[PDB]
Amino acid sequence: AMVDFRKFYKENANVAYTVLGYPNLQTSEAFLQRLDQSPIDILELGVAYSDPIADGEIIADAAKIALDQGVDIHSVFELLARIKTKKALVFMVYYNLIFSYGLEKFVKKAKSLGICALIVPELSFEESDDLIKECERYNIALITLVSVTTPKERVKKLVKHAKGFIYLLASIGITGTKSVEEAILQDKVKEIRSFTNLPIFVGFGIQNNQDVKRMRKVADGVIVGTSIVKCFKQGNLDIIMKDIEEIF
Amino acid sequence: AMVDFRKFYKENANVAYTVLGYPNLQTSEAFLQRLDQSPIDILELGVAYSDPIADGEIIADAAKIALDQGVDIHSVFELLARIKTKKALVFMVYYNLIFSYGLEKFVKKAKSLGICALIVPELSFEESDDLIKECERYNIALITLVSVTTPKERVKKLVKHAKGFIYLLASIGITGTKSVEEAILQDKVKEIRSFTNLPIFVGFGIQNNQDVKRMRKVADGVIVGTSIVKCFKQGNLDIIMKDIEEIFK
């Protein structure tokens, strides 16, 4: 059946992002096997396909390492067969990796393996049509992405037919200031709320247990990415889970 | 006429990336006007169309800032028309920006405004067909990316017929241990050389200056990204400028 994300958390959703294969597939495996006893309610599975470009940064370096490990979508798929979790699993992949696997085939494997949604960075609404056909047909939500810089009428167009949840991007520097920049964020939650009853998860900029407890007061969920990936830098699952535990 | 990049630098190319509109458009404008006196030979111009999905990054912040500041491709095109420089201008945008504008409309515009090449992150070769068609059509190069790990045969196929320069990404994690990963790169360069004559420029990770003086003996050019953008966080063009000549001594 098509996913109801309100089913995966009570008060506010803990959302995390990880790069599969960082620093190795067996670490991801063990991580996924302990997902049930982490505070993470929803896990975005980052899958590397190409190397990143003008960069040098946290998510980008994990992804290249994951690549050298011989990690790819197929090993990921294979791993997903071996995992058992009650938590929601959500792919986060570039369109190039879908295009190359085949759109229907990809959506079909993802579904078959417990994935309940896709986020496809940089795939705009206007380009999403065919991927939309396929997701609908197999009951998988293709996540609609909104920002605080998205004007009101485009918000409306984008959320009218959205499924799963609304990915809301925050800012840390529209003003430089913070008292104000949270109120700017609150208003945009409020615009969204009046066009969809979907839960709204807020990400970008969220770095420690203090940004989480704060962000908790803003919407229906909190997404922590780069800080999660930093935790895997270490070589010891016990400690990675404790960090995650603190962060949440 | 299809740009010969070797006409834009003497020994090695200094290549830089910036986000247009960060921390505002007027600073991007004053920057561009001073490009002739900076030691940068080729500038890559990041635009922003849809807000970056990232989590906290230098470049993404820049793009949100540009976006809420109202900087769209329209105002960039408007800016490029008031700029006079002798240096090479190269777009680096995601495909979503291009798609939205219209493929043909975009490429012609870019070319009439002295843009000589496009780099489109995450547009794989297989997806490129229609953009490539418009780039051949207006003599704009669609720049080809390769890594240290891209298969020999896949490299021969990507570069034999490429235009502009080869964008050799650098790796951090085939060992993660440093001066080895250097020699590996010189291997990959040699390999590319045996398939094409176009210039090879290495980007990704470059941060310091002696960090660029070393990449300088690897290929034909060097590409600084994240770090240059970090210069722009100053409320001061002379400081932005001074730091960009610290990087390229």
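Residues numbered from 1 in each chain as written, not as in the entry; some residues may be left out. Chains lettered and ligands numbered in written order. Heavy atoms only, no water.

Method-wise, the PDB entry is recorded as coming from X-ray crystallography, at a reported resolution of 2.3700 Å.

Quick note on the threshold: UniProt positions are given in the numbering used here, feature names are shortened, and annotations may be inferred rather than shown by experiment.
In the nomenclature of the PDB entry, chain B corresponds to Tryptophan synthase alpha chain from the organism Campylobacter jejuni. The title attached to this entry in the PDB is "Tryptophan synthase subunit alpha from Campylobacter jejuni". UniProt, in its Function section for chain B, records the words "The alpha subunit is responsible for the aldol cleavage of indoleglycerol phosphate to indole and glyceraldehyde 3-phosphate." Under Pathway, UniProt gives the following word-for-word description of chain B: "Amino-acid biosynthesis; L-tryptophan biosynthesis; L-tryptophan from chorismate: step 5/5."

As annotated in the PDB entry, chain A carries the name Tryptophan synthase alpha chain and is attributed to Campylobacter jejuni. Check the Function section of the UniProt entry for chain A; it says "The alpha subunit is responsible for the aldol cleavage of indoleglycerol phosphate to indole and glyceraldehyde 3-phosphate."

1. Brief notes about the sheet that holds strand β1 (residues 13-19) of chain B
All names here are of chain B. This is how the line gets drawn: Between any two strands, pairing holds if DSSP finds at least two bridges. Secondary structure elements are taken from DSSP: a helix is a run of H or I of four residues or more, a strand is a run of E of two residues or more, and numbering for both begins at the N terminus.
Strand order in the open sheet formed by 9 strands is β5-β4-β3-β2-β1-β9-β8-β7-β6, with parallel pairing between adjacent strands. Two strands bound the open sheet, and with one partner strand each, they are β5 (141-142) and β6 (144-146). Pairing geometry for β6 and strand β7 (residues 166-169), over 3 bridges, is parallel. Across the sheet, the residue bridging to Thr 144 is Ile 166, located in β7.

2. Thoughts on the interface of chain A and chain B
In plain terms, the rule: Here, two residues are considered to be in contact whenever any of their heavy atoms come within 4.5 Å of each other. Buried area: the accessible surface (1.4 Å probe) lost by two parts on joining, summed over both. What counts as a salt bridge is simple: a side-chain nitrogen of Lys or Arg found within 4 Å of a carboxyl oxygen of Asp or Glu. Any N or O atom pair separated by 3.5 Å or less is treated as a polar contact, with the protein-specific requirement of one donor-capable and one acceptor-capable atom, and with residues adjacent in sequence counted only for side-chain atom pairs. Residues are grouped as follows: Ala, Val, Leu, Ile, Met, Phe, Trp, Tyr, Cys and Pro are nonpolar; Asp, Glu, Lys and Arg are charged; every other residue, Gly included, is polar.
Each partner contributes to the interface: chain A provides 41 residues, whereas chain B provides 42 residues. At the boundary of chain A with chain B, total buried surface from both sides reaches about 3,500 Å², with 58% on carbon and sulfur atoms. Contact with chain B buries area across many residues of chain A, yet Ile53(A), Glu122(A) and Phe204(A) alone supply 22% of it, more than any other trio. Put simply, chain A and chain B have 0 salt bridges between them. At the boundary of chain A and chain B, one finds 12 residue pairs in polar contact. For the side of chain A that touches chain B, the secondary-structure elements that each account for two or more residues are α2 (58-68), α4 (95-101), β6 (144-147), β7 (166-169) and β9 (221-224) of chain A. Split into classes, the residues belonging to the side of chain A that touches chain B amount to 21 nonpolar, 11 polar and 9 charged.

3. Things to note about the nonpolar core
Cut-off, in case you're wondering: Residues enter a nonpolar core if they are buried and are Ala, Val, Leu, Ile, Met, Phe, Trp, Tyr or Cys, with the set joined through side-chain atoms within 4.5 Å. The cut-offs for exposure are 20% and 50% of the maximum accessible area for each residue type, with area from a 1.4 Å probe on protein chains only; residues under the lower value are buried, those over the upper are exposed, and the others partly exposed.
The biggest cluster of nonpolar side chains holds 101 residues, and the ones touching the most others in it are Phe5(A), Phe31(A), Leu32(A), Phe91(A), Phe106(A), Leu118(A) and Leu131(A). When neighbours within four sequence positions are excluded, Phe106(A) is seen to be in contact with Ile73(A), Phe77(A), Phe91(A), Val93(A), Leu97(A), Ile98(A), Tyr101(A) and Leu118(A). Formed by 94 residues, the second largest nonpolar core is a distinct cluster that contains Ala54(A), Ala16(B), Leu43(B) and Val212(B).

4. A word on the pairing of strand β4 (residues 115-119) of chain B
All names here are of chain B. Selection rule: Classification remark: right-handed applies to a crossover when, strands pointing away from the viewer, the course from the first strand over the helix to the second runs clockwise.
Here β4 lies mainly inside the structure; 5 of its 5 residues are buried. Two strands pair when backbone bridges link them, and strand β3 (residues 88-92) and β4 are joined in this way by 4 bridges, in the parallel orientation. Its bridge partner being in β4, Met 92 is matched across the sheet by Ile 119. Of the pairings in the sheet, the one linking β4 to β5 comprises 2 bridges and is parallel in character. Across the sheet, the residue bridging to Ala 117 is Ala 141, located in β5. Handedness of the crossover is the feature at issue here: the chain leaves β4, passes through helix α6 (residues 129-138), returns alongside β5, and the resulting connection is right-handed.

5. Re the packing of helix α1 (residues 25-33) of chain A against helix α3 (residues 73-82) of chain A
Residues and elements named next belong to chain A. Inclusion rule: Between N-to-C directions, angles span 0 to 180 degrees; the directions come from axes that are lines fitted to C-alpha atoms, helices contributing only their stretch in contact. With respect to orientation, any angle under 35 degrees is reported as roughly parallel, any angle over 145 as roughly antiparallel, any angle of 65 to 115 as roughly perpendicular, and every other angle as oblique. Handedness of each helix crossing follows the sense of rotation of the near helix against the far helix: counterclockwise by less than a right angle gives left-handed, clockwise gives right-handed.
Interhelical geometry of α1 versus α3 gives an angle of 30° and a closest axis separation of 10 Å. Regarding the angle of α1 to α3, the classification is roughly parallel. As for how α1 packs across α3, the hand of that crossing is right-handed. Here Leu 25, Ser 28, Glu 29, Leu 32 and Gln 33 of α1 come into contact with α3, specifically with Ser 75, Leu 79, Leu 80 and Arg 82. Partitioning the contact of α1 with α3 into residue classes produces 4 nonpolar, 3 polar and 2 charged.

6. Examining the environment of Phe165(A)
All names here are of chain A. Relative to the helices and strands, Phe 165 resides in the loop between α7 (152-159) and β7. Its relative accessible area of 0% is what places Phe 165 among the buried residues. A sequence separation of 15 residues divides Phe 165 from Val 180, and the C-alpha atoms of the two residues are 26 Å apart. Once residues within four sequence positions are removed from consideration, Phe 165 is found in contact with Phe 5, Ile 119, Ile 143, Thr 144, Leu 198, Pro 199 and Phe 201.

7. Considerations on the side chain of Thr149(A)
Counting through the fold element by element, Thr149(A) comes out in the loop between β6 and α7. Looking at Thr149(A), its side chain comes within polar contact range of the side chain of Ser147(A), at 3.0 Å. Beyond its immediate stretch of four places on either side in the chain, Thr149(A) contacts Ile174(A), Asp51(B), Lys64(B), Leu67(B) and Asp68(B).

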